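Single chain ahead, written as structure tokens, the form deposited in one PDB entry.
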């Protein structure tokens, strides 16, 4: 290509169009592109339809593109990975009519302040959803009904104050949940359901230790080796398990899993 780097790795074709002052998709890219990098351009509006000529395209990065609108015309039947991180999106692109094979969606570090009812409808193959660093306060009911195969979910570093009780319903395969550094104060009873969850990050929330925290206290007991602290810059296999990171607010660091619950339920005596 005269502008983008093209890197052939056996059958694989990875095209690097990163940081090239592009304001539009270049028109002469290989028809056989597997992976397209469009990071750090200026793609304010981007049309998914423009990528239809690329039949073998499985991964697209539009990260750090000052993107504000992603037009969802047309259909990309083989796109598996879409990275929209570090942009300016003020509402979530609604993609289920467009990317039926999507397994990975990253929209971390945008300007999202809520997700609409049905946001993920039609993304039935989704396995990973990253929403770290937006401005979310809660989630709509039924958010993950469309996505029963979900494996990893990040809501880290939002400003969440309520989680719907059935959020995790029918997630038979969930393996990582990141909820650290929000404004959460309680967990609805039964929130976790009955499936094993190997990695939960729950620290940096002002948990309210009253009788309604008992559910969470008992879950933390049964799951102490599954509760971790996020460390930046490393692999997750490098990170410390620490059930005591999860602390009662207004407490001086009293660990929720320790919560006595003495005299619950509170009644007149």
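Residues that one form lacks are left out of the comparison. Between two forms, the rigid core is defined as the largest C-alpha subset superposing within 1.5 Å. Positions refer to the first chain, counted from 1.
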Seminar exercise, completed: Entry B factor averaged over C-alpha atoms, 225-233 against 33-41: higher for 225-233
Exercise. Quick one: higher average CA temperature factor, 19-27 or 241-249?
Worked result: 241-249
For this session: Just grab whichever of 89, 167, 72, 131 has the top CA B-factor as deposited.
Result: 72
Seminar exercise, completed: Max C-alpha B-factor within the set 98, 85, 157, 186 falls on 98
Problem set entry | Third of the chain's Cα B-factor distribution that residue 49 belongs to, per the entry | highest
For this session: Would you mind checking where the Cα B-factor of residue 203 ranks among the modelled residues of its chain, as the lowest, middle or highest third?
Result: lowest
Seminar exercise, completed: Quick tally, chain-level thirds of C-alpha B-factors: residue 121 sits in the middle
Seminar exercise, completed: Chain thirds by Cα B factor, record data; residue 179 belongs to the lowest
Exercise. In terms of the chain's CA B-factor thirds, is residue 143 lowest, middle or highest?
Worked result: lowest
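If you look for the form solved in complex with a partner chain, you will not find it shown, but the lines that follow are about it.
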For this session: Kindly indicate whether 69, 111 and 114 are, all three, within 4.5 angstroms of the partner chain in the deposited complex, using heavy atoms.
Result: no
Exercise. Counting only non-hydrogen atoms and a 4.5 angstroms cut-off, does residue 222 reach the partner chain in the deposited complex?
Worked result: yes
Problem set entry | Contact of residue 257 with the partner chain in the deposited complex (heavy atom, 4.5 Å) | yes
For this session: Spell out, yes or no, whether the shortest heavy atom distance between residue 49 and the partner chain in the deposited complex is within 4.5 Å.
Result: no
Exercise. Applying a 4.5 Å heavy atom distance criterion, does residue 208 contact the partner chain in the deposited complex?
Worked result: no
Exercise. Does residue 239 show a Cα shift reaching 2 Å between this form and the one not shown after rigid-core superposition?
Worked result: yes
Problem set entry | Inter-Cα distance between residue 156 and residue 238 in the deposited complex, nearer or further [3 Å or more] | closer
For this session: Could you tell me whether residue 230 and residue 238 have their C-alpha atoms closer or farther apart in the deposited complex than in the shown form, knowing the shift is 3 angstroms or more?
Result: closer
Exercise. What stretches, three or more residues long, have all their C-alphas moved by 2 Å or more between this form and the one not shown when the rigid core is held in place?
Worked result: 233-239, 250-252
